[PDB]
Structures are given as C-alpha cells and as structure tokens.
Number of protein chains: 6
Amino acid sequence: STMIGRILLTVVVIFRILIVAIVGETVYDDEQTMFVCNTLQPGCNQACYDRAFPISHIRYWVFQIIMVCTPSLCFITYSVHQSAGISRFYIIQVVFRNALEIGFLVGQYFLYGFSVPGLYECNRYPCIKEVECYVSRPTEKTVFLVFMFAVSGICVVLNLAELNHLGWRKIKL
Amino acid sequence: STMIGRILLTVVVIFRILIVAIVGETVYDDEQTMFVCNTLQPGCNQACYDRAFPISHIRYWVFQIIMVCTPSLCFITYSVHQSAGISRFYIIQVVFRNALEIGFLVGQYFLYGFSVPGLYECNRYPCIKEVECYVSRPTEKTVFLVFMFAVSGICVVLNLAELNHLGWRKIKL
Amino acid sequence: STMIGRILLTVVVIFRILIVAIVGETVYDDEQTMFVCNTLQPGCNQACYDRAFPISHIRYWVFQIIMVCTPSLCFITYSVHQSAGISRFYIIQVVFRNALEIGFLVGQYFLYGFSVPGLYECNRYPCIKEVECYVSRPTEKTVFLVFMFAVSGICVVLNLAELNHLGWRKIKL
Amino acid sequence: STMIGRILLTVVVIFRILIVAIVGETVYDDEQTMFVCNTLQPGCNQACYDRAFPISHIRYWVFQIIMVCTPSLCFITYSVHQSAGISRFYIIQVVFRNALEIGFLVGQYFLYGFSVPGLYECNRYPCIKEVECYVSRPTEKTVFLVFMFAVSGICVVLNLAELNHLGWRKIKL
Amino acid sequence: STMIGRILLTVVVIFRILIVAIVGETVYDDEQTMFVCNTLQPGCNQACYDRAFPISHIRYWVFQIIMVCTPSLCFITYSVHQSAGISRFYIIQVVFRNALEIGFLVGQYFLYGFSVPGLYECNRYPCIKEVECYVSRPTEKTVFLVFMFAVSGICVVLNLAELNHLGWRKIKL
Amino acid sequence: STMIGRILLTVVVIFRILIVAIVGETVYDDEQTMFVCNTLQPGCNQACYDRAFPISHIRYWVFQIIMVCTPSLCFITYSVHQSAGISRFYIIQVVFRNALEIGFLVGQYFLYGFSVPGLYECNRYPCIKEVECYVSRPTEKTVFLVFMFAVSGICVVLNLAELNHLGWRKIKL
Ligand SMILES: C=C[C@H]1CN2CC[C@H]1C[C@@H]2[C@@H](O)c1ccnc2ccc(OC)cc12
Ligand SMILES: C=C[C@H]1CN2CC[C@H]1C[C@@H]2[C@@H](O)c1ccnc2ccc(OC)cc12
Ligand SMILES: C=C[C@H]1CN2CC[C@H]1C[C@@H]2[C@@H](O)c1ccnc2ccc(OC)cc12
Ligand SMILES: C=C[C@H]1CN2CC[C@H]1C[C@@H]2[C@@H](O)c1ccnc2ccc(OC)cc12
Ligand SMILES: C=C[C@H]1CN2CC[C@H]1C[C@@H]2[C@@H](O)c1ccnc2ccc(OC)cc12
Ligand SMILES: C=C[C@H]1CN2CC[C@H]1C[C@@H]2[C@@H](O)c1ccnc2ccc(OC)cc12
C-alpha cells in the first residue's frame, strides 16, 4: 500500500500550502498594531512585542514549506538535466525529506508550544520594572498552531511509512 | 435524473466559491478596528473581541470549501497515478463528501447560530465586572451567514440524492 | 433581430461586469471610516451606519451579476456533459434569465430607491433620542446607482425582445 | 495615408490605457483623507468635499475608455457570430466612435475645466456661512488633466482624418 | 560591434523596467503622510508639500518608460499590419528613440537636480511668513535619483553608438 | 562535479528569490510608522529614521538579485540573436557572476553588519542634543540578515567551485 501513501501525501501537501497561502497573511496582519501594553513609557510596546514574538508564525511556516519542497525541486532539475542512475537519487531524496520534516516539527514545538496566551509579562528596557501587555486574536492563533502541528504530524507519518516500505537494505546501499 | 443532479451540484459549488472569494474578505476587513467597548481599561477591547468571535466566519468557510473539495482532488490524482478499479473509489469518494458536508453544516450551526447580535456583554479580565461592546455591520454578516447556510443545505440535499441513486447495495459492496 | 439582440446583450453584459469590477470596490472603500455622527456616545456610529446601509450597493451588484450569469453556466456544463435535446434547455434558460433580471431590478428599486441622501436621522440604541449623521460621497453613489439601473433596464428590454422572438407557442411546449 | 493613421490611433489608445491603469489609482488614493477644511463643525468636511468633486477624474476617464472601446467589441463579436456584409458595419462603427470621442472630450471640458485650484470656498450645510477648504496635490492633478485632454484631442483628430478618408459619399450610403 | 550594442541595450531596458516596477511604488508610498511642517495653521502641510514636490519621481519615470517604448510598439504594429519598406522605418524609429531619451534625461536634470534635501523652507499661503518642513527618506530618494540618471545615461550612450553605426549618409536619405 | 554543482546553484537561487518575494515586503512594511523617538520636536522622527536606515534591507536585496541574474539574461539574449562562438561567452559570464556575487556579499557586510540593535542614539538636526529612538522588530530583521548572508555565501562557494573546475588556462584564453 505505497501508492495510497503518495496520493495522500500529495493531497496533504497541497492542502497545507493552500490553507497557508490563503489565510495566514490575513490572520497575522494587525499583530503589532493591536498589541498594547499598560504603560506611558515610549518604546515599551516595541520592545515587549519583540520579546513576546521573536518570529511570527507565518514566516516560520512559509520557510518550512519552501524548505520541505526543496528536495523535489532538486530531483526534478536533476532529471531535466539528465535528458538533453535516477533509481538511487530517489532514496536520498526521501531520507532528506523525512529528516527535514521531523526537524521542522520539533523546532515548531520547541519554539511556540501549543497555545498563545492572552497576557504577557514584560520586563525589558525601557519598560520600568514589570508591565502587562495584551495580545490580539489569541484563540485564532492557537487554533492555527494546533492545525498546522496536526498536518505536519500526518506528513511525518506518511513519509516514515514510505521510507519503511523502501526498506533498510536499500537505504544502506 | 442523475445528470441534472451533478450539473446543479457543480454549478452550486462554483457559485459558492466565487461569492466567498470575491466578497468575504472585504466584508470582514475591519471587524476588529471598528469593534469598540464602553470602557477606559487598556486591553479590554482585545479580550472582549476575542471572546465574542473566537474564529471569523470567513476563515471557517474557506476551510470548509477546501476540505469539501479534497476528495475530488484525491480521486483525480489517483486516476492520474493509475495511468502512466476506478468504479469503486467513486462510491467511497461520494460517501466521504456527504459526511464532510453534513458535518460542516452542523458545526456551523452549533458555532455561530443564525444571527449576529449588535450588542455584546463581556466580563473577561481585565475588564471590570460587565462591559458593553458594539459590533460592526451585524446585518450584512447575518445575511451572509444565512445565505451560506442555505447554499450548504442545497449541496447536502443534492449529495444525498446522488448517494441514494447509487443505492445501498452498491455502497455495502 | 434575435442575433443582433444577442450581440448587444453580450456587449452590455461585458460592459457592466467591467465597470463593476474596476471601480465599485474603490468607490465604496471608506464608506464606514468616513461616516460620522454628531454625538459623544460610544457605539452610536456603528449602529447608525448599520441602520442606514444594511447592505452595501457593491455586494448586491456582485451577487446580481453572478446570479444572472448562472443559467449560462448551467447550459454550458450540460452541453459538456452531453458530449463524452439541446434545443429545449435553451428556452428554459432564456425564461429563467428573464425572470432573474426582472426580479433583481425590482429588488434594487425597492431596496435603494434612486438617490443617496447626504444626511441621515438615526434613533437607534445606544444613541440618545435622535441624532444626525453625514454620508460620504453621496453624489458619486447616486450616479453609480442610476447608471446601474439604466444598464439593467437595457438588459431586461433585450431579454424580453429575445423571448418574444422565440414566440409563445414554443415557450408553452 | 491611411496606414499611419490607424497605426498611430492604435498606439495612442494603448498608451492612454497603460498610463491610466498604472498611475491613476495611485494619484487619487488620498483625495478625501487629505482634504481638510478650517472649521470645527462635524460633517463639514464630507459635504464640502462632495460639493468640490462630485465625480473623481479617474472614474470619469475609466468610463470614457470603456465606452470608447465598446464599438470595436461590438464589431469583433459580430464578426465572430457571422462565422460559425462586414464592409458596411465598419462605417457605422467609425461614425459612432467619432461621436463618442467628441462627446467625451466636450463633457470633460465642461465638467472639470483646465486646472484644479488649491483652495475651495464652501457654503453647504452644515457648514456655518462660508468656509475655506484645501485640496491635495492640485498640481499633479492639473498636469494629469491637461495630458488626458491632449491625448483625447489627438485621438479625435485621427478619427476625423479616418472618417474624411472614407468619404462622405460612402458614409451617406 | 553592433550586436553587443543591441544586446546591452535590451538588457538595460529590461533592468530599468524591473527595478522601477518592483521598488518604486513602495519607496514613495508615504511621501505625503510622513511630510510634516512646524506650524499649527490648517492646510499648510498640503500647500507646502505641493510646492516641494509638484510631480513625484515615480510617475515621471513611468511616463518616461512608456514614452521611450512607444516607437518600438509603432514599428511592431506596422510590421504586423504589413503582413496580412521596413528597412527605412527603422532609421526614423532609431532617431526618434534617441531624441526622446535625450529629452527625458535633460528634463529630469532640470526638474529634480541630483539630491533631495532633508529640509524645505515654504512660504505659500495659508502659511504665515516662512515655515520649515521635513521630508521622508531623503537618502533613499537621492540614491534612486542618481541610479536612474546613470541608467538613462547608459541608454543614451548605447543609442548614440547605434545611430553612429548606421551612418550619416543613410540617415540623410 | 559541476553538474550537481549547477543543480545546487539553481536550487539555491530559486530558494532565495522565493523567500524574498514572499516575505520581505511584509516584514519591512511598518518600518517607519512603528519607529518612535523620545522627544517632542517635530521632524526628529524623520531625520533619525533616515540616519538609522539610509537604505532598507529589502531594496538592497532586490537590487542584488536582479544584478546577479543579469549575466544569464545577457547570455540568453545573445544566444537568441545568434539564431535567426558560444563556448567563450560562457567563461566571461561565469567570471562576471563570480565578481558580482562577491562584491554584493562584501557590500552587505560593510553596510549592515550582522545585527539590528533595538536602540538608536540620534544627534541630527532638528533633534536637540542627543535623543534615543526605538526600532521595530529587531530580532526578525537580524534573523533575515543572517539567513541572507548564509545563502549568499553558499552561492559564492558554488560559483567559485565552478570557476575552478573550468580551470585557469581556459580563463586566461
Ligand atoms: C499581491 C500578492 C501578494 C500577497 N502575498 C504576499 C506577496 C504576494 C503573494 C502572496 C500570496 O498571495 C501568496 C501567493 C502564492 N503563494 C503563496 C505562498 C505562501 C504565502 O505565504 C504567506 C503566500 C503566497
Ligand atoms: C492579492 C490577492 C490576495 C487576496 N486574497 C488573499 C490572498 C490573495 C488571494 C486571495 C483572494 O483573492 C482569493 C483568490 C482565489 N481564490 C480564493 C479563494 C478563497 C478566498 O477566501 C478568502 C480568497 C481567494
Ligand atoms: C487582489 C485582487 C482582489 C480585488 N477584488 C477583491 C478580491 C480580488 C479580486 C477582486 C477584483 O479585482 C475582481 C477581479 C475579477 N472579477 C471581479 C468581479 C467582480 C468584482 O466585484 C467587486 C471584483 C472582481
Ligand atoms: C489588484 C488589482 C486591482 C487594482 N485596480 C483596481 C481593481 C484591480 C485591477 C485595477 C488595475 O490594476 C487595472 C488593471 C487592468 N486594467 C485596468 C484598467 C483601468 C484601471 O483604471 C483605474 C485599472 C486597471
Ligand atoms: C495590484 C497591482 C498594482 C500595483 N501597481 C499599480 C497598479 C497595479 C500594477 C502596478 C505594478 O505592479 C506594475 C505592474 C506591471 N508593470 C508595472 C510597470 C510600472 C510600474 O510603475 C509603478 C508598475 C507596474
Ligand atoms: C501586487 C503585487 C505587488 C507586490 N510586490 C510589489 C509590486 C507587485 C509585485 C511584488 C511582489 O509580489 C513580487 C512579485 C514577483 N517577483 C518579486 C520579486 C521580488 C520582490 O521583492 C520585494 C517582489 C516580487
């Protein structure tokens, strides 16, 4: 049952790309304009927002998508050159795809966790002592985070199934 | 009378996609900037808006559209793979489409109801006791909600008609 | 003269679609941001604007365009299905197009009238008693309304001419 | 010399379309947000702006372009219909194009004049007595107005030359 | 060595078009929003900005690009018409291109100079006596101005080289 | 193996172009609106922002991408011209590409360094003495800077490998 694996993998990849490309930018549009802190100190908003969200989720997901798609591009361009052998490059492509997917999933978990809290406690200069700041659309962002994690997990499972189907003896050679 | 069913189903799907893609983003553009609460507490607006609208209607509808279209994509890519059998995958595709459509309709009803009230009563921290907040374009959003519900219901009816036409004996086998 | 009527009908349909798609969104961009009421009560602007304009003109016109174009799409997809009889579906398509056009014209008249006044008197909660609100670009909106009404009337006349040419005896059967 | 007349006419039409489509929207983006009146009365800005600029230049020019292009569309669709005679429709097309171009040029002159003043005197309700308002980018708008007038005049001259070349005897018949 | 001249000319033209189309609009987006004058007089900002920048650089460059490309369009359409002689139109096309390029370069120099100062002294009504106004991103605009001047100069040199290659005897005839 | 070297070079070039075109504009959208200085002097924000960021990173990267792609365009157009010899232009194209890449990398290092500080100290007129200003999203910009530097370094290494493979004897001739 390897053909169904590839079918589902392609469908899931397209689904993830479409969802991101259509809604991600709109969800994270006013992340900084609607981020407000309870203070009068100029520049506290910028520092506290920067500490709270070092990298926006959408940038990370775009980078992940492009990086995960890279090996297929490598294989396609190698095939194009080879005309005007290919049974070995495929195994290395699969291995690299597996590694990249697993790494990106683990990185997302270690970077963002599983939820976006509605309050933040900030103690960065120039803010005096400790201040409280309020986030925009925490619930929608939490839902988006969980959904992306689930899709990435499905992709990882399918890739592992494909790699196992190929077998360890072929991978070693 | 199965051909007219498929014709109407395709027309309705295209109609829904076009309507959403053309007007949905514009309708819900200033949902948060025009949402105002009667208070002086910083951060009350963000919390009350997040509680009032955990997920925007437009994103739910986009997700529904992509998810409902997925099975056709799976069938098409399976057909492409088969060339360079198909009379059985079709039944499962129809069943899954029916299930997804019914589930999404029920979920919409249980999430949003049938109207968008013009006032909201919010008692979430940091707001003090109860505060009153005012929504933007409640009537247009109500009309959009009802129209989308009606279109989804028509799609459900057509899908059920198709499934019944196929017959229970074929579905069992 | 049915064929020359068809030529004119196609030209006017394309003209209407182009005009809407190019200028409608820009005209109605700042309808709510520039709508101001003479009061200090929070939330009066939102309620009064919602009462004044339950549905924006542009969205109504987009819906009308798609709905009017639907029957041609149904006929085209039926023709595609028939290959890989057609002289009867055409009459029903014409009748439905006529009915839809007339209904949309009447609905526009009953919903918006023939002008957009520059002042509005609003007595909706939370506004205290009666307040006065001021509209944005009333004259441009009036011109747009009249122009769309005229184009729709021309389309109705051409459709009626075509239906009359087909004759009542054919329509009956 | 009819070859060069048609060549220049086509080039000029394309030039005008490109210039409008590329710069018109950007020039007139902040016409109303940067329009300011010297008063404290709410609603005076809206009324005075509406009186000063009943119709924006860009929308008038877009309407003119589409209307002027319409006869060519009619001729092309008639030619398409005729396949799956044409030596007469061409003369009427030319006459209608000439009439439309001349009418639009005269209308522009009578609507906007030749310059956009930097100050406006407004005495419209609710403004008290007479107030002074200030326009945004008057000089760029004046340049755009003059350039469009010159291009339209060139088009009119070329169309008149073409019509004269056809001759009065043919036009009469 | 004429082929290299044409190759470099085409490459430079494409380079200029790409650079403008990609960055010009973004650079000059907030030219008027961030232009601030030290005064309390309403309407002083509009008048002083209009006096400082009668025409934005980006619009001048767009006009220059289209005008310079026009003669090639004229030649191409003449060639297209000629099928369903050409060795003479080419010389006039080259001469007109040279003249247009030189004229636009000189006009840019006489209009904008070589730098955008960071301060402006304005004495236009309604501003009282002299006021000081501050520009947005003077350095980026200076860099853009110098770069465009250099590219236009390279184009002028290449066009002059081509024209000289053709020779004076051929041009005279 | 330059074959796989060229494969990797093409893949990394496409990767860089995609990343820039998709995220660069969004990251640097509100660079100036969110830049705030601790002062009351009008015009201090503009001057201090201009001194802090003479040229935005995104524009520099766009210019670098187009300039680096230019030699391939020159070679392609020369090949097109040659039809309706080519073994020497390739070496010069490679040399020029190497030089451009190295120059742009060095320029980026000397212009921006390796980090974007969160505070800036500004002493430019009209600001009185020395003032403190606060940057927007310093961490995301630092990450972007480092990532672009790494990608450019990889491209430089691959280009150097290709040039070395071609050999010094061929380059000399
Ligand atoms: C005018 C369009 C702009 C809007 N987004 C930012 C740059 C462009 C395009 C891009 C988006 O439409 C988009 C298109 C295609 N693929 C995408 C893939 C990912 C993505 O992530 C935000 C956005 C994508
Ligand atoms: C510059 C264009 C941007 C505007 N919207 C957000 C990202 C892109 C595209 C998309 C919209 O045009 C759009 C296009 C196509 N299909 C769509 C399907 C659904 C949709 O839901 C809002 C929007 C769609
Ligand atoms: C980035 C582009 C966005 C701008 N408008 C909203 C969603 C998209 C597209 C659409 C408009 O360009 C448009 C395109 C094509 N047909 C249209 C038909 C009707 C229409 O009514 C406003 C707008 C149309
Ligand atoms: C996202 C794109 C939007 C920007 N303008 C408003 C609606 C759309 C398209 C249109 C413009 O690009 C445009 C394209 C093509 N032809 C045009 C013709 C005239 C025009 O006048 C403003 C604008 C045109
Ligand atoms: C949604 C897109 C809009 C953005 N700019 C204004 C109108 C349209 C297109 C245009 C720009 O993308 C553009 C495209 C193609 N050629 C251009 C050539 C010149 C240019 O100068 C600003 C802008 C160009
Ligand atoms: C409506 C679209 C506008 C958005 N950006 C500014 C002008 C246009 C296009 C461009 C961007 O989509 C884009 C497209 C394609 N290639 C690009 C390459 C580089 C780039 O750097 C910001 C932006 C690119």
# chains A, B, ... in the order shown; residues from 1 in each chain; ligands from 1
>>> residues_around(residues="residue 103 of chain B", least_positions_apart="5", cutoff="12 Å", atoms="only C-alpha atoms", output="ChimeraX atom specification")
/B:64,67-68,96-98,108-110,152-153,156
>>> residues_near_ligand(ligand="ligand 6", cutoff="12 Å", atoms="only C-alpha atoms and all ligand atoms", output="ChimeraX atom specification")
/D:22 /E:18-27,29 /F:14-29,56-66,69
>>> residues_around(residues="residue 95 of chain D", least_positions_apart="3", cutoff="12 Å", atoms="only C-alpha atoms", output="PyMOL selection string")
chain D and resi 68+71-72+88-92+98-102+156+159-164+166-168+170-172
>>> write_last_selection(atoms="C-alpha atoms", output="short mmCIF file (atom, residue, chain, number, x, y, z; two decimals), in the first residue's frame")
data_model
loop_
_atom_site.label_atom_id
_atom_site.label_comp_id
_atom_site.auth_asym_id
_atom_site.auth_seq_id
_atom_site.Cartn_x
_atom_site.Cartn_y
_atom_site.Cartn_z
CA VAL D 68 -14.91 54.36 -26.46
CA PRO D 71 -17.84 49.72 -30.71
CA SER D 72 -14.75 47.67 -31.54
CA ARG D 88 -20.93 48.32 -44.06
CA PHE D 89 -20.79 47.81 -40.29
CA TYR D 90 -17.30 49.33 -40.36
CA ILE D 91 -18.58 52.74 -41.45
CA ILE D 92 -21.20 52.90 -38.70
CA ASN D 98 -16.10 59.68 -33.66
CA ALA D 99 -19.30 60.81 -31.95
CA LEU D 100 -18.39 59.19 -28.64
CA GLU D 101 -14.88 60.64 -28.60
CA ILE D 102 -16.08 64.17 -29.36
CA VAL D 156 -10.29 62.93 -32.12
CA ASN D 159 -10.63 59.63 -36.05
CA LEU D 160 -11.76 62.65 -38.06
CA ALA D 161 -8.98 62.04 -40.58
CA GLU D 162 -10.08 58.42 -40.96
CA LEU D 163 -13.72 59.40 -41.44
CA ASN D 164 -12.76 62.01 -44.03
CA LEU D 166 -13.68 57.12 -46.09
CA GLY D 167 -15.50 59.96 -47.82
CA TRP D 168 -18.95 61.50 -47.48
CA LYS D 170 -19.80 56.21 -48.67
CA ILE D 171 -20.99 57.47 -45.28
CA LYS D 172 -24.27 58.68 -46.78
#
>>> interface_residues(of="chain B", to="chain A", cutoff="10 Å", atoms="only C-alpha atoms", output="MDAnalysis selection string")
chainID B and resid 25 29 32:33 41:47 49:51 53:56 58:59 62:63 66:67 69:71 73:78 81:82 125:126
>>> atom_distance(atom1="atom 4 (C, counted along the ligand's line) of ligand 2", atom2="atom CA of residue 147 of chain B")
21.9 Å
>>> select_by_dssp(residues="chain C", states="alpha helix (DSSP H)", output="MDAnalysis selection string")
chainID C and resid 2:19 25:27 44:52 57:82 86:112 138:166 168:172
>>> write_last_selection(atoms="C-alpha atoms", output="mmCIF file, in the first residue's frame")
data_model
loop_
_atom_site.group_PDB
_atom_site.id
_atom_site.type_symbol
_atom_site.label_atom_id
_atom_site.label_comp_id
_atom_site.auth_asym_id
_atom_site.auth_seq_id
_atom_site.Cartn_x
_atom_site.Cartn_y
_atom_site.Cartn_z
ATOM 1 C CA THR C 2 -32.531 37.947 -32.245
ATOM 2 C CA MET C 3 -28.883 37.590 -33.278
ATOM 3 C CA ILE C 4 -28.188 41.337 -33.232
ATOM 4 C CA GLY C 5 -30.057 41.457 -29.941
ATOM 5 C CA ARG C 6 -27.692 38.741 -28.736
ATOM 6 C CA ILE C 7 -24.723 40.854 -29.846
ATOM 7 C CA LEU C 8 -25.974 43.886 -27.930
ATOM 8 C CA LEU C 9 -26.817 41.757 -24.889
ATOM 9 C CA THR C 10 -23.317 40.285 -24.754
ATOM 10 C CA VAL C 11 -21.736 43.716 -25.151
ATOM 11 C CA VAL C 12 -23.803 45.267 -22.355
ATOM 12 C CA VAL C 13 -23.177 42.318 -20.027
ATOM 13 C CA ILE C 14 -19.420 42.619 -20.526
ATOM 14 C CA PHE C 15 -19.623 46.393 -20.069
ATOM 15 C CA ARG C 16 -21.452 46.067 -16.750
ATOM 16 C CA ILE C 17 -19.051 43.418 -15.457
ATOM 17 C CA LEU C 18 -16.013 45.515 -16.367
ATOM 18 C CA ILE C 19 -17.362 48.719 -14.823
ATOM 19 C CA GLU C 25 -14.544 48.468 -4.796
ATOM 20 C CA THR C 26 -12.683 51.779 -4.930
ATOM 21 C CA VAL C 27 -15.853 53.876 -4.711
ATOM 22 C CA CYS C 44 -23.650 55.274 18.018
ATOM 23 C CA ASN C 45 -21.637 55.410 14.789
ATOM 24 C CA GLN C 46 -21.746 51.639 14.301
ATOM 25 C CA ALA C 47 -25.476 51.307 14.957
ATOM 26 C CA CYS C 48 -26.443 54.299 12.831
ATOM 27 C CA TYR C 49 -24.272 53.200 9.906
ATOM 28 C CA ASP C 50 -25.690 49.681 10.093
ATOM 29 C CA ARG C 51 -29.231 51.059 10.026
ATOM 30 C CA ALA C 52 -28.515 53.472 7.170
ATOM 31 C CA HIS C 57 -24.598 48.503 -3.116
ATOM 32 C CA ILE C 58 -21.452 46.844 -4.459
ATOM 33 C CA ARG C 59 -22.160 43.500 -2.795
ATOM 34 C CA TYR C 60 -25.739 43.489 -4.073
ATOM 35 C CA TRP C 61 -24.493 44.158 -7.601
ATOM 36 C CA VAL C 62 -21.861 41.406 -7.399
ATOM 37 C CA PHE C 63 -24.499 38.932 -6.241
ATOM 38 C CA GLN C 64 -26.803 40.048 -9.052
ATOM 39 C CA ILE C 65 -24.092 39.596 -11.681
ATOM 40 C CA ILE C 66 -23.176 36.080 -10.565
ATOM 41 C CA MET C 67 -26.809 35.002 -10.221
ATOM 42 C CA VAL C 68 -27.704 36.344 -13.666
ATOM 43 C CA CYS C 69 -24.711 34.570 -15.212
ATOM 44 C CA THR C 70 -25.584 31.238 -13.552
ATOM 45 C CA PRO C 71 -28.029 29.896 -16.211
ATOM 46 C CA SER C 72 -25.448 30.225 -18.987
ATOM 47 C CA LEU C 73 -23.007 28.243 -16.845
ATOM 48 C CA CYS C 74 -25.652 25.563 -16.314
ATOM 49 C CA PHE C 75 -26.286 25.334 -20.058
ATOM 50 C CA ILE C 76 -22.565 25.172 -20.862
ATOM 51 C CA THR C 77 -21.890 22.404 -18.350
ATOM 52 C CA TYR C 78 -24.937 20.471 -19.579
ATOM 53 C CA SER C 79 -23.575 20.719 -23.121
ATOM 54 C CA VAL C 80 -20.176 19.483 -21.930
ATOM 55 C CA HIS C 81 -21.812 16.556 -20.128
ATOM 56 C CA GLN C 82 -23.878 15.652 -23.195
ATOM 57 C CA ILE C 86 -30.260 20.868 -26.534
ATOM 58 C CA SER C 87 -32.985 22.832 -28.361
ATOM 59 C CA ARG C 88 -35.320 22.688 -25.330
ATOM 60 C CA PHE C 89 -32.947 23.611 -22.497
ATOM 61 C CA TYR C 90 -32.298 26.892 -24.321
ATOM 62 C CA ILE C 91 -35.889 28.112 -23.941
ATOM 63 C CA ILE C 92 -35.987 27.357 -20.211
ATOM 64 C CA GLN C 93 -32.617 29.062 -19.791
ATOM 65 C CA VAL C 94 -33.956 32.175 -21.528
ATOM 66 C CA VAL C 95 -37.086 32.209 -19.359
ATOM 67 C CA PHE C 96 -35.072 31.874 -16.152
ATOM 68 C CA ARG C 97 -32.688 34.633 -17.228
ATOM 69 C CA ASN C 98 -35.627 36.955 -17.900
ATOM 70 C CA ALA C 99 -37.187 36.200 -14.521
ATOM 71 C CA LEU C 100 -33.931 36.717 -12.628
ATOM 72 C CA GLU C 101 -33.172 40.023 -14.350
ATOM 73 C CA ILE C 102 -36.643 41.431 -13.691
ATOM 74 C CA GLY C 103 -36.580 40.304 -10.070
ATOM 75 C CA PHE C 104 -33.185 41.850 -9.397
ATOM 76 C CA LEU C 105 -34.198 45.158 -10.986
ATOM 77 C CA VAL C 106 -37.359 45.354 -8.876
ATOM 78 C CA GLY C 107 -35.429 44.412 -5.748
ATOM 79 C CA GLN C 108 -32.859 47.134 -6.348
ATOM 80 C CA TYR C 109 -35.598 49.723 -6.758
ATOM 81 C CA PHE C 110 -37.375 48.646 -3.576
ATOM 82 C CA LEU C 111 -34.148 48.469 -1.547
ATOM 83 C CA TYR C 112 -32.239 51.623 -2.530
ATOM 84 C CA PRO C 138 -23.400 60.804 -1.797
ATOM 85 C CA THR C 139 -23.257 62.196 -5.344
ATOM 86 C CA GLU C 140 -20.920 59.566 -6.788
ATOM 87 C CA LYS C 141 -23.048 56.831 -5.232
ATOM 88 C CA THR C 142 -26.203 58.376 -6.703
ATOM 89 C CA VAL C 143 -24.610 58.449 -10.159
ATOM 90 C CA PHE C 144 -23.495 54.830 -9.804
ATOM 91 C CA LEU C 145 -26.980 53.766 -8.700
ATOM 92 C CA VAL C 146 -28.686 55.447 -11.651
ATOM 93 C CA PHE C 147 -26.163 54.076 -14.149
ATOM 94 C CA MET C 148 -26.568 50.511 -12.879
ATOM 95 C CA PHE C 149 -30.351 50.841 -13.022
ATOM 96 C CA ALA C 150 -30.183 52.029 -16.635
ATOM 97 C CA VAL C 151 -27.885 49.186 -17.694
ATOM 98 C CA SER C 152 -30.116 46.613 -16.000
ATOM 99 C CA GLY C 153 -33.153 48.082 -17.746
ATOM 100 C CA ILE C 154 -31.454 47.796 -21.129
ATOM 101 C CA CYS C 155 -30.612 44.163 -20.387
ATOM 102 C CA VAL C 156 -34.227 43.494 -19.389
ATOM 103 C CA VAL C 157 -35.520 45.017 -22.626
ATOM 104 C CA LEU C 158 -33.150 42.944 -24.761
ATOM 105 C CA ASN C 159 -34.058 39.741 -22.911
ATOM 106 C CA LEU C 160 -37.766 40.451 -23.375
ATOM 107 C CA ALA C 161 -37.199 41.043 -27.087
ATOM 108 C CA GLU C 162 -35.400 37.704 -27.407
ATOM 109 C CA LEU C 163 -38.135 35.861 -25.511
ATOM 110 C CA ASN C 164 -40.824 37.436 -27.690
ATOM 111 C CA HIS C 165 -38.889 36.442 -30.808
ATOM 112 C CA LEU C 166 -38.847 32.817 -29.664
ATOM 113 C CA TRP C 168 -45.286 31.892 -27.054
ATOM 114 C CA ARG C 169 -46.104 28.627 -28.842
ATOM 115 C CA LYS C 170 -42.546 27.342 -28.410
ATOM 116 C CA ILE C 171 -42.358 28.510 -24.789
ATOM 117 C CA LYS C 172 -45.597 26.717 -23.921
#
>>> atom_distance(atom1="atom CA of residue 114 of chain B", atom2="atom 17 (C, counted along the ligand's line) of ligand 2")
24.7 Å
>>> atom_distance(atom1="atom CA of residue 173 of chain F", atom2="atom CA of residue 83 of chain F")
25.1 Å
